[PDB]
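> What shape does this take:
(7 chains, ligands or ions: 2)
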Amino acid sequence: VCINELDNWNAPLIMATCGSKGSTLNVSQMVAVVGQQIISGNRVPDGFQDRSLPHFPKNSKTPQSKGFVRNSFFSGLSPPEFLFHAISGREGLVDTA
Amino acid sequence: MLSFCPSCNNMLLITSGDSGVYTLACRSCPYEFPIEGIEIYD
Amino acid sequence: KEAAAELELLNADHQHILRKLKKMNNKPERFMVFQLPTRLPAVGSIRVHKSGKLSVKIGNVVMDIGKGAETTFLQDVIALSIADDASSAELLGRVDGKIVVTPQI
Amino acid sequence: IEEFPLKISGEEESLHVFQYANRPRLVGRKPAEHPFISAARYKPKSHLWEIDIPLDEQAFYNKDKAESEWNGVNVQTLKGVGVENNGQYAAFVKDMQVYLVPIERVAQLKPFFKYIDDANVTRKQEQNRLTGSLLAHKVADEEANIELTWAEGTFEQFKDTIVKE
Amino acid sequence: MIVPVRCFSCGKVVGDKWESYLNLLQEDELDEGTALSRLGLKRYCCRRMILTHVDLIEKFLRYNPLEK
Amino acid sequence: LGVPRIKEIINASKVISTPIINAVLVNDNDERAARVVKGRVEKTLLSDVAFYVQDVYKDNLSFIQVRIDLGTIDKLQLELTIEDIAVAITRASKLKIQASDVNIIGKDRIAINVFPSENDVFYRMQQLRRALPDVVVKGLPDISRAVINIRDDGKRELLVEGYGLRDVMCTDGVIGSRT
Amino acid sequence: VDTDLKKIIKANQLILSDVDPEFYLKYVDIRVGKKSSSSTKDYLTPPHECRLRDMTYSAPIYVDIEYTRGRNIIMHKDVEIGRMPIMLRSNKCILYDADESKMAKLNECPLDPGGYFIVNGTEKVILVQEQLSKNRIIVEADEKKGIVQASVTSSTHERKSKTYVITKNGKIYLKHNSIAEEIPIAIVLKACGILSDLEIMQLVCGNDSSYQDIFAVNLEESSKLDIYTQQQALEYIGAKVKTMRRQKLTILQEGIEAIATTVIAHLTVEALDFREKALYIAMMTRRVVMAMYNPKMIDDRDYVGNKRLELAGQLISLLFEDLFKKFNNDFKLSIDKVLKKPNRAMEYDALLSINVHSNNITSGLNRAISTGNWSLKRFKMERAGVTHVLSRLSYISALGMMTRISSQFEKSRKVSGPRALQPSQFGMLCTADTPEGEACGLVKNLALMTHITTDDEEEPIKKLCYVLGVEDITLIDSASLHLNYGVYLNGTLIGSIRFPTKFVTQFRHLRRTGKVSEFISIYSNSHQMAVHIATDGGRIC
Ligand SMILES: [Zn+2]
Ligand SMILES: [Zn+2]
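Numbering: from 1, shown residues only, chains lettered A, B, ... in the order given. Ligands and ions are numbered 1, 2, ... in the order given. Below you will find the coordinate block:
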């Protein structure tokens, strides 16, 4: 529903409609929402005992606590969203080196 | 079995008393007890 | 939920020593064991409150609560005395548990 | 509601605690059945306790086992090493008044087996420095001549800490 | 190090507008925007030369090797 | 699936990581055929049919009797009798203890009769107590587990994770045409 | 240079001789660059001039020694026994709280971070290095063989690591590199002092858990071996020992294992008669027994709380301990050569012969920094690439190197674990700045508001817990761990106070009045059924 409300004669929608670089996933991840940063197939594990970050309660399997960002790159990430994106980025960054 | 000595708190075994009767008696202390045992567990 | 056990079980060891101190008070040839803290101020005592808690206000007035201990004395515990390597082993004999005195801050 | 006054009540002797590890408690009717026969010994400078328990010659004695391998034995030796502590006190109350007694040492009795040493010492033929933890194990069984008269009495002790106040 | 003579993009001489800028900062106390506006330049190019410039030579001349 | 699986084939290793065997069925019956064809496969079901393992001593001999019910066998299909469990105990290991004697009584108890450094009877009882609840009963020994799976159509296909492919292909219920 | 530099000479303060028993040198005082009532080393070489002259930047170590003769005369004399390299901007350099005119007079930039050595003209940096937690328990698992437990000993003279492997059937037997073909743990903790079989069963299994039938195999092999305490039991552990020590070899009947179960081997516990060590190995059993029944209760090596950061102060202390142990050995063997050959007793030259033996405590102390090989003979942790040359690409390059933490790998074949970003370094380590290449994830950086702590005393914290209500371990039954959480002081068990929430609350309230609060911390743990107090620093906060 972001690609349909997106006006024509812009750069990334043309670059996704034509070839070289950019898809609908990249423009939906810039504009609308980034979603579900996964590592090693599943979601992020418990970095501490019974939880991932110390900013969430114990036995909290909510999406905002266990690796689901909800802000797009235009709006800005929260620090748990920033750490969750940094883990999934450094996973793919170390598999190249 | 898992039975313990009331006198020295050690592990008792099953031995043959003079070739033909069974009794539980440790080598830990002078103790013997001629009962039959049960080893039921779920 | 851990604060509930810090107030419910405190109404159990205070009543357990109340069942031990005055109920068996007449004349048992019998000893107990208290855990007093070190660096003692150089006395005051139990001061059973309004059927609530038991809190010692010791002399040298700075104040020192504490009752109750653990069930480590399931085994047999008997005290005894000694002299200068000539006569010993004069037992009194029982323990009926222990109490622990912990200074509040 | 009043209180029950505590006193330090004087300090002139040394106390000790058995704290047995073998016979916890019976099911009822005045439990823990402490024996009478023992009459054991004592050793200082390593603190090396020994205490004894009599055996049952009537039941479960196993007369073949108790006299076949090792010698005809009736003693059952226990062993414990005490360690110094702080803040522990003993208590005895007479109807209004709690008495603190410095007790100063706590040990635990553990049944060390001596007849296996007696059996292995027979079946064999049938240097000034140690620097800690070996000098204590070397100097352990030297004097031992405190074979002691196991006595009782609550009259020489209860009328011993009440006179000063 | 020192203020450049010409700006990089168009080439207007901005080296004549540094001491007169520091004179407007200390005395006749103004903000940087208005005191840099009534000094010449209207475009944001050649305004960036005087705004974002660090003066390293005042710290470099404390290490003079020809004197003591 | 990735680059440690192409190397799994190019090296041609003797043991591999996570094998599967895709077998098919004959009829179109989901529950009953699913349970019986799955039940003809896995092993060491003795920790689900016994409820206890006890060892008593009767004055010269020992009973290691096991209480095998009939309710577990009624739910999931295992075509066996107590004689089949006696044959399974008869070949419980290769050569450890299981040579001399077993017994079969009315209400399904099998007590291993035993006969004699010193006093090895209690040691044999403890080792045979601790080696009994993983003895296989009925099924194939070299298959871990089995999952029956549904395709896009109304067909059911089982799959195991073993190493046989001969005793799996020689199994009543499945067809040996393709696997 | 203020605390540990005095502590080193208090362990080797006196030397002997084989010539006569009436010969001793006594170290009284030590300090760096201070002689008399004048200022602290009135003129050094400046730190800029020694970078152009290809020199080192060092201050001399002044020791004070006692000097005797057979005429029983006793006096003192201050001597210079070698140079020690001074780090920039820390209490001995000229650049300590200097004025901005003082920085320009001495030809130094006032904005460099400092903290780097300038050896042989060039700028070297000792990197911060992470390792696992010393004197603490870690448990790892495996699918193929079984679960393995480790415990790294932090003793000074030797490098021990007491492993607790299993192979099959729950046949638990610990291993060591100084022991032969190993023994199950029933005999081992039977030799330590736990003699009853009733309390070898309750201590590691509980009342009605499923832990009992798992551990009861090791009781069954109790009678398979040297059972029936130490007329057979400790002798079997003493018989299978390595490092035979043929000097006084006749001890191996009763006393070769009392060497092994004490401060020589396996741990850092200094007990004479063993109650804590008999429990610490026995509490090490329960954490494996709980991990056999539940494989989830295992520790991860990559967790940031399981690691310690070793700084530039510990490595220099190790190097100075080694070069001071070597200093007395090369001087004792060179003073007995002269004090034997003539007939008379030599008055002088026993103090005036130290300057030819003080050139290896200087050249080695600079060589191990300039080269990077911290080769110690007794310690056996030979690591290369420790010191690195200070990067001067820009201003942010020389600052981002002083923040850098370099980790060590075991092997570079199947690592796969310590390169991902752990969630436990939130605010502790930098989550962005990592190198791109071979050292991707192996090299990390500190954040802004962090602090790496130090070990303070360890003595008054243990005496403060006993005031707050915990009993000593020699006063509690062996069948009492169904109680509340058991207190651990740096891994060592203290005695399991009741009501641990009030204990944690009062300990944190005492921390907020002054207990000086760099590292002395407390935290509960439910799956371990314990509550930890940490005092031994070397750890971020
Ligand atoms: Zn016994
Ligand atoms: Zn321009």
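> Over to residue A:93: give its phi and psi.
Main-chain dihedrals, residue A:93, degrees, to the nearest 10: phi -80, psi -30.
> ugh, wrong one, I meant residue D:15
The phi/psi pair for residue D:15 (degrees, to the nearest 10) is phi -110, psi 170.
> Next, count neighbours for the closest residue to it other than its chain neighbours.
Nearest residue to residue D:15 in three dimensions, chain neighbours excluded: residue D:103, at 4.3 Å (Cβ to Cβ, 6 or more residues apart in numbering or on different chains). The way it works is simple: take the backbone N, C-alpha and C, and place the C-beta from them, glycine included. The local packing of residue D:103 (other Cβ atoms under 10 Å in any protein chain shown) involves 20 other residues.
> Residue D:84 versus residue D:103, what's the distance?
Distance, residue D:103 to residue D:84, by Cβ to Cβ, to the nearest Å: 11 Å.
> how close does the residue lying closest to residue F:139 once chain neighbours are set aside sit to residue F:83?
Leaving out its chain neighbours, the residue that sits closest to residue F:139 by Cβ to Cβ, 6+ apart is residue F:43, at 4.3 Å. Noted for residue F:43: a distance of 18 Å to residue F:83, by Cβ to Cβ.
> show me the contacts for residue 63.
Answering for chain A, as no chain was given. Going by Cβ atoms under 8 Å, 6 or more residues apart in numbering or on different chains, residue A:63 touches residue A:70.
> my question was about chain F
F:54-57, F:111.
> OK, contacts around the most centrally placed residue in chain D?
In chain D, the C-alpha nearest the mean C-alpha coordinate belongs to residue D:18, at 4.7 Å (Cα atoms, centre = their mean). Contacts for residue D:18 were tallied using Cβ under 8 Å, 6+ apart; they are C:76-80, C:91, D:51, D:107, D:109.
> nearest to ligand 2, of those?
residue D:107 (92.8 Å; Cβ to the ion).
> thinking that closest one is in contact with residue D:81, fair?
Yes - contact criterion Cβ atoms under 8 Å: residue D:107 and residue D:81 qualify, at 6.6 Å.
> what's the overlap in contacts for the two?
Contacts common to residue D:107 and residue D:81, judged by Cβ under 8 Å, 6+ apart, are D:47, D:49.
> ranges for the helices of chain B?
For chain B, applying DSSP state H gives no helices.
> What spatial separation is found between residue G:478 and chain B?
Distance of residue G:478 to chain B, computed by Cβ to the nearest Cβ, to the nearest Å: 10 Å.
> show me the contacts for that residue.
Contacts of residue G:478 (Cβ under 8 Å, 6+ apart): D:21, G:194, G:196, G:199, G:202-203.
> Please work out which residue of chain D is closest to chain B.
Using Cβ to the nearest Cβ, residue D:66 is the residue of chain D that sits closest to chain B, at 3.9 Å.
> Just the element for that residue, please.
Using DSSP states H and E, the element containing residue D:66 is helix D:63-68.
> Please identify the buried residues of that helix?
D:65-66 (16 or more other Cβ atoms under 10 Å in any protein chain shown).
> neighbouring contacts of it?
So helix D:63-68 is contacted by B:25, B:27, B:30, B:32, D:72-73 (Cβ under 8 Å, 6+ apart).
> now stretch F:24-41
By Cβ under 8 Å, 6+ apart, stretch F:24-41 touches F:76-79, F:138-140, F:143, F:146, F:148, F:154-158, F:160, F:168, F:171-175, F:177-179.
> Please apply the same query to stretch F:89-97.
Contacts of stretch F:89-97 (Cβ under 8 Å, 6+ apart): F:98, F:102, F:110, F:112, F:114, F:124, F:127-128, F:131-132, F:135-136.
> which one of the contacts of residue D:18 sits closest to residue A:95?
Of all those, the one with the least separation from residue A:95 (Cβ to Cβ) is residue D:107, at 61.9 Å.
> For chain G, see how far away that closest one is.
8 Å.
> how much space is there between the closest residue to that residue other than its chain neighbours and residue G:275?
Nearest non-adjacent residue to residue D:107, counting by Cβ to Cβ, 6+ apart: residue D:82, 3.8 Å away. Residue D:82 sits 11 Å away from residue G:275 when distances are taken as Cβ to Cβ.
> so what sits against both of these two?
With Cβ under 8 Å, 6+ apart as the test, residue D:82 and residue G:275 reach no residue in common.
> Closest residue of the stretch 401-541 of chain G to chain A?
residue G:423 (2.7 Å).
> which residues does the residue nearest the centre of chain E contact?
Nearest to the mean C-alpha position of chain E, counting by Cα atoms, centre = their mean, stands residue E:18 at 3.4 Å. Neighbour list for residue E:18: E:3, E:50 [criterion: Cβ under 8 Å, 6+ apart].
> how far away is it from chain C?
For residue E:18, the distance to chain C - Cβ to the nearest Cβ - is 64 Å.
> Report whether the longest helix along chain C contacts chain D.
If you go by DSSP H, chain C has its longest helix at helix C:10-21. Yes - using Cβ under 8 Å from any Cβ of the partner chain as the criterion, contacts between helix C:10-21 and chain D involve residue C:21.
> hmm, who's touching that helix?
Under Cβ under 8 Å, 6+ apart, the answer for helix C:10-21 is C:46, C:48, C:52-54, C:67-69, C:96-97, C:99, D:4, D:93, G:499.
> Next, count neighbours for residue E:45.
With other Cβ under 10 Å as criterion, residue E:45 counts 13.
> I figured it hits residue E:11, correct?
No - with contact defined as Cβ under 8 Å, residue E:45 and residue E:11 do not form a contacting pair (10.3 Å).
> Could you pull up the residues touching the spatially most central residue of chain F?
Compute the mean C-alpha point of chain F, and by Cα atoms, centre = their mean the closest residue is residue F:43, 2.0 Å away. If you count contacts by Cβ under 8 Å, 6+ apart, residue F:43 has them with F:136-141, F:143.
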